[PDB]
């Protein structure tokens, strides 16, 4: 366990980072207090909800659809019968809400318990209805479910090292749709962003969670901001993460 200083990559934004290589148990931690603090996963939960949907047969492949009903949305790309791969990349809320509402709560509870997914608290299934967004809400979006960045990395590692009961076929689908292009062919990066605002504490929850493969070694990582500036989003934290990866993990 090495405590490290990634502050220059954060360019003044409050946050922390954790990178873990489970082969040689090398844990690299920037801002330990934050890395151990549980927060809503927001859209990073789509990593797990994709696997839940595949395991339960709600979806079956990166092509699978959820029966778009014509509802109007401001994001152009939500207004179509999009595939799993597209819904993941566009973070399409209606697709993932419809997916998860086909699964019984006991099944979700037991999968989260098996994964040790933070507090595993799905008590507020409907989500944070006081924000007015109605059915665009759920337990994983600034609501009952909370997970720390360290726990995110532990979950990512358990999934992608083959240590869960999820089918290998399904984990490979998730790998495919999480892959990102960082304009460096010598590292394979995979991940997912998330963005929320913590009304109680007046701070963002901005995430980039995933893994890095670099010639033999694999690092599971979570980058998290808790800045008070509402301009700090998941995509901004992904930029910070990529800067860290290129500086220290190339």
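Positions refer to the first chain, counted from 1.
By the numbers in the PDB entry, the CA B factor is greatest at 186 among 37, 50, 44, 186. The residue among 55, 215, 63, 69 whose C-alpha atom has the highest B-factor in the PDB entry is 215. Sort the modelled residues of the chain by CA B factor and residue 206 lands in the middle third. When all modelled residues of the chain are sorted by CA temperature factor, residue 87 is found within the lowest third. Sorting the modelled residues of the chain by their CA temperature factor places residue 141 in the middle third.
For residue 225, the recorded CA B-factor ranks within the middle third of the chain. Only modelled residues enter the ranking. The PDB entry assigns residue 79 a C-alpha temperature factor belonging to the lowest third of its chain's modelled residues.
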